[PDB]
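Worksheet: one structure, shown below.
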Amino acid sequence: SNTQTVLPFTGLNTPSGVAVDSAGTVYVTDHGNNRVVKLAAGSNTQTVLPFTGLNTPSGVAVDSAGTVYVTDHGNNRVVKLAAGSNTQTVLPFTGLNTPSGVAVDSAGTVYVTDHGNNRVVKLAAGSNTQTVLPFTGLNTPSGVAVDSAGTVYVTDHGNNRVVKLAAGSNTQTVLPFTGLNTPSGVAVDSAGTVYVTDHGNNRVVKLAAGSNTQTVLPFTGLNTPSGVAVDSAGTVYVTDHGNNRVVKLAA
Ligand SMILES: [Cu+2]
Ligand SMILES: [Cu+2]
Ligand SMILES: [Cu+2]
Ligand SMILES: [Cu+2]
Ligand SMILES: [Cu+2]
Ligand SMILES: [Cu+2]
């Protein structure tokens, strides 16, 4: 599609992260209101998720079981809520410093951009010992995403670049995105196409696997967008942070 629609959220204040689950339910970190809201596909009535004590939340992710993970950036923690539960769990990360993006892979491993420590960390499901991902040279990184192959993508915000690391690899590759200006969110679809919110240029760009020529998505009227997500149908969701709204592009 070349024409976006505005999602029927209400009351958002500078939304940040966005995630979409297998059923098309959309999750948004309503950053300015210290809450996370969700909107089922076909719904015009949002629900506020029963997280407790959030402060300035940023990243959000959802796994195949519908567990929702939130970076509680103001409280230096990552919390999760299982589908149907009203009792959150704080993940046993160590030494987090102003974390930003969060992603979850098909094994349940949780990846967090530890923004103030210039690093990305991960916690296996049921593990209490995190590991650091062997990225080099990160500078105030923000978004993180992980594909079904285990490849991890990070927006190296301070360096105006996007970096990736294959599973088990110790050698990162810098993606051939061009013209970036303070990149923010990142997402990856089932085909390996990487989507990046080009925050300072009010646009969203993508790079197909195997390609080194990017495409700009036909969003319009964005102001300082932040989070991005893509569902299994190819629909792309962007938190239009500056306009307190979430927009989507079908196809
Ligand atoms: Cu703002
Ligand atoms: Cu804030
Ligand atoms: Cu902060
Ligand atoms: Cu910073
Ligand atoms: Cu910046
Ligand atoms: Cu800005």
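Chain lettering (A, B, ...) mirrors the order of the structure tokens, residue numbering begins at 1 for each chain separately, and ligand numbering begins at 1 in order of display.
With only C-alpha atoms and all ligand atoms counted, the chains near ligand 4 contribute these residues within 8 Å: residues 98, 115, 116, 140 and 141 of chain A.
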For this session: Select the residues contacting ligand 3 at a distance of at most 9 Å, based on only C-alpha atoms and all ligand atoms, then format the selection as a VMD selection string.
Result: chain A and resid 56 73 to 74 76 97 to 100 116
Exercise. Mind listing the residues within 7 Å of ligand 5, only C-alpha atoms and all ligand atoms counted, as a count of residues only?
Worked result: 3
Exercise. Can you tell me how far CA of residue 139 (chain A) sits from CA of residue 166 (chain A), in Å to one decimal?
Worked result: 19.8 Å
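Distance check against residue 63 (chain A) using only C-alpha atoms: of A:25, A:88, A:202, A:197, the minimum falls on A:25.
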Exercise. Do you know which residues are within 7 Å of ligand 1 using only C-alpha atoms and all ligand atoms? Can you write them as a PyMOL selection string?
Worked result: chain A and resi 14+241-242
Problem set entry | Close residues to ligand 6 using only C-alpha atoms and all ligand atoms, limit 8 Å, as an NGL selection string | :A and (182 or 199-200 or 224)
Please write the residues from the selection above to a file, keeping C-alpha atoms, as a compact mmCIF listing (two decimals), in the first residue's frame.
```txt
# COMPACT_ATOMS: atom_id res chain seq x y z
CA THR A 182 19.90 9.46 14.36
CA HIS A 199 14.20 9.44 13.31
CA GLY A 200 16.02 12.64 12.29
CA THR A 224 10.44 12.18 14.78
```
Problem set entry | Shell around region 212-223 of chain A at 7 Å using only C-alpha atoms, local window under 6 positions removed, as a ChimeraX atom specification | /A:2,4,176-177,202-206,240-243
For this session: Looking only at strand (DSSP E or B) from DSSP on the backbone, list the matching residues of region 36-247 of chain A as a PyMOL selection string.
Result: chain A and resi 36-39+47-48+60-62+68-72+77-81+89-90+102-104+110-114+119-123+131-132+144-146+152-156+161-165+173-174+186-188+194-198+203-207+215-216+228-230+236-240+245-247
Those same residues - C-alpha atoms - I'd like them written as a JSON list (two decimals), in the first residue's frame.
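File produced: selection.json:
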```
[["chain", "number", "residue", "atom", "x", "y", "z"],
["A", 36, "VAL", "CA", 1.59, -0.03, 27.85],
["A", 37, "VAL", "CA", -1.58, -0.28, 25.75],
["A", 38, "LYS", "CA", -2.79, -2.93, 23.33],
["A", 39, "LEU", "CA", -5.27, -2.91, 20.48],
["A", 47, "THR", "CA", -6.76, -1.89, 26.73],
["A", 48, "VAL", "CA", -4.11, -0.86, 29.27],
["A", 60, "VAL", "CA", 8.27, -3.42, 23.83],
["A", 61, "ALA", "CA", 8.33, -6.94, 22.38],
["A", 62, "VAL", "CA", 5.96, -9.90, 22.22],
["A", 68, "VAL", "CA", 4.79, -9.05, 26.50],
["A", 69, "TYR", "CA", 8.21, -7.66, 27.42],
["A", 70, "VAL", "CA", 8.76, -4.00, 28.31],
["A", 71, "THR", "CA", 11.92, -2.01, 28.90],
["A", 72, "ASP", "CA", 11.08, 0.03, 32.01],
["A", 77, "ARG", "CA", 14.65, -2.95, 34.38],
["A", 78, "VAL", "CA", 12.84, -5.24, 31.95],
["A", 79, "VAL", "CA", 9.46, -6.64, 33.00],
["A", 80, "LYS", "CA", 7.27, -9.27, 31.37],
["A", 81, "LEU", "CA", 3.61, -10.21, 31.53],
["A", 89, "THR", "CA", 7.82, -10.62, 36.43],
["A", 90, "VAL", "CA", 11.01, -8.57, 36.59],
["A", 102, "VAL", "CA", 14.03, -5.02, 23.71],
["A", 103, "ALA", "CA", 13.53, -8.05, 21.48],
["A", 104, "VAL", "CA", 12.64, -11.70, 22.06],
["A", 110, "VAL", "CA", 15.42, -11.66, 25.64],
["A", 111, "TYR", "CA", 17.78, -9.05, 24.17],
["A", 112, "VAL", "CA", 18.07, -5.58, 25.67],
["A", 113, "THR", "CA", 19.97, -2.54, 24.40],
["A", 114, "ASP", "CA", 21.83, -1.36, 27.50],
["A", 119, "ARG", "CA", 26.19, -2.66, 24.82],
["A", 120, "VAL", "CA", 23.51, -5.25, 24.10],
["A", 121, "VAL", "CA", 22.84, -8.01, 26.63],
["A", 122, "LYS", "CA", 20.76, -11.15, 26.53],
["A", 123, "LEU", "CA", 19.12, -13.57, 28.97],
["A", 131, "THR", "CA", 25.68, -12.54, 28.41],
["A", 132, "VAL", "CA", 26.91, -9.54, 26.46],
["A", 144, "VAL", "CA", 17.27, -4.01, 18.81],
["A", 145, "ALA", "CA", 15.65, -6.81, 16.80],
["A", 146, "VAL", "CA", 16.27, -10.52, 16.29],
["A", 152, "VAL", "CA", 20.67, -9.66, 16.05],
["A", 153, "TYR", "CA", 20.29, -6.13, 14.65],
["A", 154, "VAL", "CA", 21.05, -2.99, 16.66],
["A", 155, "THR", "CA", 20.57, 0.67, 15.82],
["A", 156, "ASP", "CA", 23.95, 2.26, 16.68],
["A", 161, "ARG", "CA", 24.41, 3.15, 11.55],
["A", 162, "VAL", "CA", 22.76, -0.24, 11.97],
["A", 163, "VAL", "CA", 24.88, -3.25, 12.92],
["A", 164, "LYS", "CA", 24.11, -6.97, 12.83],
["A", 165, "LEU", "CA", 25.57, -10.14, 14.32],
["A", 173, "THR", "CA", 28.59, -6.46, 9.79],
["A", 174, "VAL", "CA", 27.50, -2.87, 9.24],
["A", 186, "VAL", "CA", 14.57, -1.46, 14.09],
["A", 187, "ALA", "CA", 12.51, -4.50, 13.05],
["A", 188, "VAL", "CA", 13.02, -7.55, 10.83],
["A", 194, "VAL", "CA", 15.41, -4.94, 7.96],
["A", 195, "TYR", "CA", 13.26, -1.89, 8.75],
["A", 196, "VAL", "CA", 14.76, 1.18, 10.46],
["A", 197, "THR", "CA", 13.13, 4.34, 11.78],
["A", 198, "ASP", "CA", 15.25, 7.22, 10.45],
["A", 203, "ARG", "CA", 11.07, 8.48, 7.50],
["A", 204, "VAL", "CA", 11.25, 4.69, 7.63],
["A", 205, "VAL", "CA", 13.68, 2.82, 5.38],
["A", 206, "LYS", "CA", 14.16, -0.86, 4.66],
["A", 207, "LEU", "CA", 16.84, -3.15, 3.27],
["A", 215, "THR", "CA", 13.91, 1.74, -0.07],
["A", 216, "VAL", "CA", 11.93, 4.46, 1.70],
["A", 228, "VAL", "CA", 8.77, 0.17, 14.16],
["A", 229, "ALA", "CA", 7.26, -3.32, 13.86],
["A", 230, "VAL", "CA", 6.29, -5.63, 10.98],
["A", 236, "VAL", "CA", 4.47, -2.07, 8.94],
["A", 237, "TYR", "CA", 3.67, -0.18, 12.16],
["A", 238, "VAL", "CA", 5.44, 3.02, 13.21],
["A", 239, "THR", "CA", 5.10, 5.01, 16.41],
["A", 240, "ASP", "CA", 4.81, 8.58, 15.14],
["A", 245, "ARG", "CA", -0.03, 8.48, 17.25],
["A", 246, "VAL", "CA", 0.73, 5.11, 15.67],
["A", 247, "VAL", "CA", 0.44, 4.69, 11.91]]
```
Exercise. Mind checking DSSP for region 88-161 of chain A and telling me the helix (DSSP H, G or I) residues as a ChimeraX atom specification?
Worked result: /A:115-117,157-159
Please produce an output containing C-alpha atoms for each residue in the selection, written as a compact mmCIF listing (two decimals), in the first residue's frame.
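Below is the file that was written, selection_16.txt:
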```txt
# COMPACT_ATOMS: atom_id res chain seq x y z
CA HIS A 115 22.01 2.19 26.19
CA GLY A 116 24.04 3.82 28.97
CA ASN A 117 26.61 0.99 28.88
CA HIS A 157 22.29 5.61 17.19
CA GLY A 158 25.34 7.73 18.06
CA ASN A 159 27.16 6.41 14.98
```
Problem set entry | Spatial neighbours of residue 26 (chain A), max dist 8 Å, only C-alpha atoms, sep filter under 5 positions, as a ChimeraX atom specification | /A:18-21,38-41
Output file for the selection above: N, CA, C and O atoms, as an mmCIF file, in the first residue's frame:
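Saved as out_36.cif:
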```cif
data_model
loop_
_atom_site.group_PDB
_atom_site.id
_atom_site.type_symbol
_atom_site.label_atom_id
_atom_site.label_comp_id
_atom_site.auth_asym_id
_atom_site.auth_seq_id
_atom_site.Cartn_x
_atom_site.Cartn_y
_atom_site.Cartn_z
ATOM 1 N N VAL A 18 6.739 -0.179 19.688
ATOM 2 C CA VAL A 18 5.580 -0.848 19.111
ATOM 3 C C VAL A 18 5.971 -2.277 18.778
ATOM 4 O O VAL A 18 7.109 -2.551 18.364
ATOM 5 N N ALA A 19 5.030 -3.184 18.994
ATOM 6 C CA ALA A 19 5.199 -4.595 18.698
ATOM 7 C C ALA A 19 3.879 -5.120 18.147
ATOM 8 O O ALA A 19 2.809 -4.558 18.399
ATOM 9 N N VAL A 20 3.943 -6.211 17.390
ATOM 10 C CA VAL A 20 2.719 -6.826 16.869
ATOM 11 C C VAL A 20 2.874 -8.337 16.973
ATOM 12 O O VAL A 20 3.948 -8.878 16.686
ATOM 13 N N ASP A 21 1.819 -9.011 17.425
ATOM 14 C CA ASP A 21 1.901 -10.452 17.636
ATOM 15 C C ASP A 21 1.321 -11.194 16.431
ATOM 16 O O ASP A 21 0.951 -10.596 15.423
ATOM 17 N N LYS A 38 -2.683 -1.966 24.419
ATOM 18 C CA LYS A 38 -2.788 -2.928 23.334
ATOM 19 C C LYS A 38 -4.124 -2.774 22.630
ATOM 20 O O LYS A 38 -5.119 -2.341 23.215
ATOM 21 N N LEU A 39 -4.116 -3.097 21.344
ATOM 22 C CA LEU A 39 -5.274 -2.912 20.479
ATOM 23 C C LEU A 39 -5.349 -4.138 19.581
ATOM 24 O O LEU A 39 -4.464 -4.355 18.745
ATOM 25 N N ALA A 40 -6.385 -4.953 19.770
ATOM 26 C CA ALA A 40 -6.570 -6.105 18.902
ATOM 27 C C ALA A 40 -6.827 -5.660 17.468
ATOM 28 O O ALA A 40 -7.353 -4.572 17.214
ATOM 29 N N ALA A 41 -6.458 -6.520 16.519
ATOM 30 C CA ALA A 41 -6.785 -6.254 15.128
ATOM 31 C C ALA A 41 -8.302 -6.188 14.974
ATOM 32 O O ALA A 41 -9.019 -7.070 15.449
#
```
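Relative to CA of residue 208 (chain A), CA of residue 147 (chain A) is found at 13.1 Å.
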So which residues touch region 31-35 of chain A within 9 Å, counting only C-alpha atoms, skipping near sequence neighbours fewer than 2 positions away, as a PDB file with N, CA, C and O atoms, in the first residue's frame?
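Result went into part_11.pdb, see below:
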```
ATOM      1  N   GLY A  11      -5.370   8.917  23.718  1.00  0.00           N
ATOM      2  CA  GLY A  11      -4.687   9.291  24.930  1.00  0.00           C
ATOM      3  C   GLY A  11      -3.203   9.010  24.958  1.00  0.00           C
ATOM      4  O   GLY A  11      -2.612   9.037  26.040  1.00  0.00           O
ATOM      5  N   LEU A  12      -2.572   8.747  23.815  1.00  0.00           N
ATOM      6  CA  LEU A  12      -1.136   8.499  23.813  1.00  0.00           C
ATOM      7  C   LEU A  12      -0.363   9.793  24.039  1.00  0.00           C
ATOM      8  O   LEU A  12      -0.727  10.855  23.526  1.00  0.00           O
ATOM      9  N   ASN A  13       0.713   9.708  24.811  1.00  0.00           N
ATOM     10  CA  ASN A  13       1.605  10.845  24.998  1.00  0.00           C
ATOM     11  C   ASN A  13       3.004  10.382  24.659  1.00  0.00           C
ATOM     12  O   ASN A  13       3.587   9.577  25.395  1.00  0.00           O
ATOM     13  N   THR A  14       3.524  10.897  23.552  1.00  0.00           N
ATOM     14  CA  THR A  14       4.844  10.555  23.040  1.00  0.00           C
ATOM     15  C   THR A  14       5.083   9.044  23.091  1.00  0.00           C
ATOM     16  O   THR A  14       5.976   8.579  23.809  1.00  0.00           O
ATOM     17  N   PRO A  15       4.305   8.258  22.341  1.00  0.00           N
ATOM     18  CA  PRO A  15       4.519   6.805  22.328  1.00  0.00           C
ATOM     19  C   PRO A  15       5.908   6.475  21.813  1.00  0.00           C
ATOM     20  O   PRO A  15       6.510   7.235  21.048  1.00  0.00           O
ATOM     21  N   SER A  16       6.416   5.324  22.247  1.00  0.00           N
ATOM     22  CA  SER A  16       7.795   4.958  21.969  1.00  0.00           C
ATOM     23  C   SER A  16       7.847   3.654  21.185  1.00  0.00           C
ATOM     24  O   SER A  16       7.919   3.660  19.953  1.00  0.00           O
ATOM     25  N   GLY A  17       7.807   2.545  21.871  1.00  0.00           N
ATOM     26  CA  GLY A  17       7.953   1.268  21.203  1.00  0.00           C
ATOM     27  C   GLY A  17       6.634   0.730  20.662  1.00  0.00           C
ATOM     28  O   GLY A  17       5.562   1.109  21.118  1.00  0.00           O
ATOM     29  N   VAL A  28       1.816  -0.959  22.292  1.00  0.00           N
ATOM     30  CA  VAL A  28       2.527   0.317  22.210  1.00  0.00           C
ATOM     31  C   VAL A  28       2.930   0.761  23.608  1.00  0.00           C
ATOM     32  O   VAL A  28       2.109   0.748  24.529  1.00  0.00           O
ATOM     33  N   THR A  29       4.189   1.173  23.766  1.00  0.00           N
ATOM     34  CA  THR A  29       4.623   1.768  25.026  1.00  0.00           C
ATOM     35  C   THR A  29       4.213   3.235  25.007  1.00  0.00           C
ATOM     36  O   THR A  29       4.727   4.023  24.208  1.00  0.00           O
ATOM     37  N   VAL A  37      -0.204  -0.050  26.197  1.00  0.00           N
ATOM     38  CA  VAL A  37      -1.576  -0.279  25.753  1.00  0.00           C
ATOM     39  C   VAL A  37      -1.566  -1.273  24.599  1.00  0.00           C
ATOM     40  O   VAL A  37      -0.557  -1.444  23.907  1.00  0.00           O
ATOM     41  N   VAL A  48      -5.368  -1.127  28.576  1.00  0.00           N
ATOM     42  CA  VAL A  48      -4.110  -0.856  29.267  1.00  0.00           C
ATOM     43  C   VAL A  48      -3.653  -2.140  29.950  1.00  0.00           C
ATOM     44  O   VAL A  48      -4.402  -2.736  30.733  1.00  0.00           O
ATOM     45  N   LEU A  49      -2.426  -2.570  29.658  1.00  0.00           N
ATOM     46  CA  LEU A  49      -1.926  -3.806  30.234  1.00  0.00           C
ATOM     47  C   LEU A  49      -1.638  -3.611  31.721  1.00  0.00           C
ATOM     48  O   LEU A  49      -1.219  -2.529  32.140  1.00  0.00           O
ATOM     49  N   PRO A  50      -1.853  -4.633  32.530  1.00  0.00           N
ATOM     50  CA  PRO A  50      -1.713  -4.521  33.988  1.00  0.00           C
ATOM     51  C   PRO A  50      -0.275  -4.588  34.513  1.00  0.00           C
ATOM     52  O   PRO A  50       0.022  -5.289  35.482  1.00  0.00           O
ATOM     53  N   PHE A  51       0.625  -3.843  33.873  1.00  0.00           N
ATOM     54  CA  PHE A  51       1.932  -3.596  34.458  1.00  0.00           C
ATOM     55  C   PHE A  51       1.789  -2.667  35.656  1.00  0.00           C
ATOM     56  O   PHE A  51       0.882  -1.833  35.716  1.00  0.00           O
ATOM     57  N   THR A  52       2.699  -2.810  36.612  1.00  0.00           N
ATOM     58  CA  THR A  52       2.696  -1.988  37.812  1.00  0.00           C
ATOM     59  C   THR A  52       4.022  -1.252  37.945  1.00  0.00           C
ATOM     60  O   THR A  52       5.090  -1.827  37.705  1.00  0.00           O
ATOM     61  N   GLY A  53       3.947   0.027  38.307  1.00  0.00           N
ATOM     62  CA  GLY A  53       5.132   0.783  38.656  1.00  0.00           C
ATOM     63  C   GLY A  53       6.067   1.114  37.515  1.00  0.00           C
ATOM     64  O   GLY A  53       7.244   1.384  37.759  1.00  0.00           O
ATOM     65  N   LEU A  54       5.579   1.122  36.274  1.00  0.00           N
ATOM     66  CA  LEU A  54       6.422   1.536  35.161  1.00  0.00           C
ATOM     67  C   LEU A  54       6.757   3.015  35.258  1.00  0.00           C
ATOM     68  O   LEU A  54       5.971   3.827  35.758  1.00  0.00           O
ATOM     69  N   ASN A  55       7.936   3.370  34.762  1.00  0.00           N
ATOM     70  CA  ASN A  55       8.333   4.765  34.668  1.00  0.00           C
ATOM     71  C   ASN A  55       9.085   4.963  33.366  1.00  0.00           C
ATOM     72  O   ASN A  55      10.153   4.375  33.175  1.00  0.00           O
ATOM     73  N   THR A  56       8.522   5.780  32.476  1.00  0.00           N
ATOM     74  CA  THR A  56       9.177   6.154  31.227  1.00  0.00           C
ATOM     75  C   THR A  56       9.522   4.899  30.411  1.00  0.00           C
ATOM     76  O   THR A  56      10.661   4.740  29.961  1.00  0.00           O
ATOM     77  N   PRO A  57       8.572   3.992  30.171  1.00  0.00           N
ATOM     78  CA  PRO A  57       8.909   2.780  29.416  1.00  0.00           C
ATOM     79  C   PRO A  57       9.187   3.098  27.956  1.00  0.00           C
ATOM     80  O   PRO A  57       8.625   4.034  27.380  1.00  0.00           O
ATOM     81  N   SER A  58      10.057   2.291  27.349  1.00  0.00           N
ATOM     82  CA  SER A  58      10.466   2.549  25.973  1.00  0.00           C
ATOM     83  C   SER A  58      10.217   1.334  25.082  1.00  0.00           C
ATOM     84  O   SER A  58       9.194   1.267  24.397  1.00  0.00           O
ATOM     85  N   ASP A  72      11.488  -1.010  31.068  1.00  0.00           N
ATOM     86  CA  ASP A  72      11.078   0.033  32.011  1.00  0.00           C
ATOM     87  C   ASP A  72      12.263   0.979  32.214  1.00  0.00           C
ATOM     88  O   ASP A  72      12.978   0.944  33.219  1.00  0.00           O
TER      89      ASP A  72
END
```
Exercise. Residue 232 (chain A): which residues within 8 Å, counting only C-alpha atoms, same-chain residues fewer than 2 positions away excluded, as JSON, numbers by chain?
Worked result: {"A": [22, 189, 190, 230, 234, 235]}
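CA of residue 150 (chain A) sits 13.9 Å away from CA of residue 193 (chain A).
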